[PDB]
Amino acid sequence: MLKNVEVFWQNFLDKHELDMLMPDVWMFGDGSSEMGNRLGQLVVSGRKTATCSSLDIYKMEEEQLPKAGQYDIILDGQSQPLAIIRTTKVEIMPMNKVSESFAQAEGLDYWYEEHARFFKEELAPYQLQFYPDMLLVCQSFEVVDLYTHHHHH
């Protein structure tokens, strides 16, 4: 897998002639392969062009927040490369204040209900100071390329 992604990135670099360290690699979702595959598909499909993460969870003094212009490599629920996306914007938003504009871009009154359920859990393992107020890092992105082996138990 590490090999696959190394290749995928390299190919993309050469294709656009530009030197860059590999970005972050991840799958959308709770962590389950289902959500990863489903959300992963909507992205490759072009139906899902946004994503949000818990802001509070970020360590303000140890790292910076995702910026416009950065890249990320997307994997499916089975952890296989799906595509690479470029982030075109980053807006901070409270759960109870997401614009239906962003909501449709990444996703409808259930939106909050489902997301509160989503994040109330991610916070759990830490100091899950949950509030409806919760601030989210809402990145708008676009697909700029898309991907086209052993098992140890």
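Note that residue numbering begins at 1 and tracks the sequence as displayed.
According to the entry, the stretch of the deposited sequence that connects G107 to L108 contains 4 to 9 residues lacking coordinates, which leaves a gap of moderate length in the model. Stretches 42-50 and 115-123 differ in mean C-alpha B factor, with the higher average recorded for 115-123. Comparing 126-134 with 21-29, the stretch with the higher mean C-alpha B-factor in the PDB entry is 126-134. Of the candidates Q64, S99, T88, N37, it is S99 whose Cα B-factor is highest according to the PDB record.
Going by the entry's values, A103 shows the largest Cα B-factor out of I84, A68, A103, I92. In this PDB entry, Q10 carries a Cα temperature factor that places it within the lowest third of its chain's modelled residues.
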